[PDB]
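Read the single chain below, which is given as structure tokens and is the form deposited in one PDB entry.
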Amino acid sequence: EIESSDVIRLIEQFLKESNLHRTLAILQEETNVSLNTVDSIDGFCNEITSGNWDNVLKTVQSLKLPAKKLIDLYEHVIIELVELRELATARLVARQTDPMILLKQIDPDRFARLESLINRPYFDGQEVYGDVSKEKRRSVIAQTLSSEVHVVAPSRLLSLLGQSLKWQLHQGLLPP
């Protein structure tokens, strides 16, 4: 047998391919499970670990988003930006992005710590990456976020139905 969530994911994929956006969104809302399509989960983890956050942010924009994983990921990307001394970009991301606004609202202290870190004239990596390494943070973020995402072949439902027709045609159905 197969889990309902998987079948609903197949349906949602079909809806996406058939350009039925409204029914797709309404479905995802009602059943509270969302399709999160990626070419490869390993490739996704690779993208997160390597440090290519433009792509990762693209994928993030594509999928259904939890606020917590968002504020975590965006926080880490903020620290990565302030490390590379892209102060303007980091401040703009911290100010003008939705998960960062949510973080600012819910926890003023955390946002204050991030802004304080950005305001510093130099990047003090010893303590922040001393407590937990960059590689480890990237690793846990990649793991938790990737476990949320799924991988499914294009027109999976149709192919499956084709297999069903092949079954009926060449093997046959049960007599009663």
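Rigid core: the largest C-alpha set superposing within 1.5 Å between the two forms. Numbers for residues come from their place in the sequence shown, where the first is 1.
If you look for the form deposited in another entry, you will not find it shown, but the lines that follow are about it.
Remark: with the core as the superposition reference, the CA shift of residue 67 between this form and the one not shown reaches 2 Å or more. In the core-superposed comparison between this form and the one not shown, residue 132 has its Cα shifted by less than 2 Å. In the other entry, the CA atoms of residue 39 and residue 24 draw together by 3 angstroms or more relative to this form. Between residue 16 and residue 39, the C-alpha separation shrinks by 3 Å or more in the other entry, relative to the conformation displayed.
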